[PDB]
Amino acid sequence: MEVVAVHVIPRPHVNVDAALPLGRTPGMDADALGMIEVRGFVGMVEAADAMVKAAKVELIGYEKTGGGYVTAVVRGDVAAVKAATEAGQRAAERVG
């Protein structure tokens, strides 16, 4: 199925991790950020599952922004996040 966006932020600003719900509140004992947004819970769950299986990342949760839009969020080392999001995108596109 169609994906809205697949993106990697290798070194997020500390202000982004503090202000936004991305699983790495500064001070809670700088991971790369990977995100996959899908207009589809089923596609987002498959992408999330493929992400955590493809590389050493953690699924921290998901963002619901209404209208059917959900974003799976993973953190980890930059290379791992890149590998995960690539795998997650391919998995979501296979859903159908």
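From 1 onward, residues are counted along the sequence shown.
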- [ ] Please work out which of 84 to 92 and 71 to 79 has the higher mean CA B-factor as recorded in the PDB entry.
- [x] 84 to 92
TODO: Would you mind ranking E58 by its C-alpha B-factor against the rest of the chain and naming the third, lowest, middle or highest?
DONE: lowest
Task: Among modelled residues of the same chain, the CA temperature factor third for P12 - done: highest
Task: Chain third (lowest, middle, highest) by recorded CA B-factor, residue given as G43 - done: middle
